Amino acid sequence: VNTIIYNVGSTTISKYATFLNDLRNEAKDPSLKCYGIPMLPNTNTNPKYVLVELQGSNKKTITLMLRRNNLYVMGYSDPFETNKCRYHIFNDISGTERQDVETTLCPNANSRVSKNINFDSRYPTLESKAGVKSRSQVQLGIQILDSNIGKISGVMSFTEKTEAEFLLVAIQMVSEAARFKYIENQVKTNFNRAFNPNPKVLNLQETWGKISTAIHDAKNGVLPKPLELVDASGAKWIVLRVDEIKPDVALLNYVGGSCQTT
């Protein structure tokens, strides 16, 4: 399980693009690709996990745990008290998986502590503890990622609204930007300011499974039945071929079976 280091506290757009290109390479299966887009592995490929160590201002850090299969954030760890590792598992992680998060985030038994995330990883839940109607009313941005790390890292009590806020910014800026070349670009275009997520980024997020299925199953470049999507303005967008959607997508979700490789 490799860990990819990224310093939030001091960056430029080349460094962000190198980080995501490093997470992508690390997460993708080495050989599975459909129409030139790399595919995430089968649950069986070892390693099953990737770790992302986010380094913020002030020697505040959080390590993000991600499953290679679907790039999901299973929980996080922060350095706590002098020599302790405090792991935080999402409420919807269960079975062997929970022991894995413990073990991989804080590899040293005798120095680890629990503080669970008492809610699940889905966006409607996260919005709810954030106390917002939609993620779009909470801004994203590098400075914001940094300060959020700062509100959580090593602090004794922090409240569910602070924790859901951190998680909404982190999942969108690490897992989503890696899946979609479009969201990576939205971050680069706004690199020195906060931005609010447009409709196309929220749409792409929620339709990533269906996109993966669709490109996998597309015959001779043409999709099985046209994909209705939303563009950055709000308008309905209809795609019929893999060339239409392929510029925005950097990683396909696992869908078993053969597909046109390249």
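Residue numbers run from 1 along the displayed sequence.
Trainee: Check the entry's C-alpha temperature factors for 178-186 and 108-116, then say which stretch has the higher mean.
Mentor: Taking the mean B-factor of the alpha carbons in each, 108-116 is higher.
Trainee: Looking at the entry, does 235-243 or 5-13 show the higher mean C-alpha B-factor?
Mentor: On average, C-alpha B-factors are higher across 235-243.
Trainee: Out of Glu97, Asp146, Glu163, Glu127, which shows the largest CA B-factor listed in the entry?
Mentor: Highest C-alpha B-factor among the listed options: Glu97.
Trainee: Out of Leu140, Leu167, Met74, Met156, whose C-alpha atom has the biggest B factor in the entry?
Mentor: Within the set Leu140, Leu167, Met74, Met156, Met156 shows the top C-alpha B-factor.
Trainee: Looking at the temperature factor on the CA atom of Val52, which third of the chain's modelled residues does it land in?
Mentor: Lowest third.
Trainee: Sorting the chain's CA B-factors, does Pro224 end up in the lowest, middle or highest third?
Mentor: CA B-factor rank for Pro224: highest third.
Trainee: If you rank every modelled residue in this chain by C-alpha B factor, which third holds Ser121: lowest, middle or highest?
Mentor: Lowest third of the chain for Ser121's C-alpha B-factor.
Trainee: Looking at the C-alpha B-factor of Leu32, is it in the lowest, middle or highest third of its chain?
Mentor: Within its chain, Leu32 is a highest-third residue by C-alpha B-factor, going by the deposited values.
Trainee: Looking at the C-alpha B-factor of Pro41, is it in the lowest, middle or highest third of its chain?
Mentor: Within its chain, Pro41 is a highest-third residue by C-alpha B-factor, going by the deposited values.
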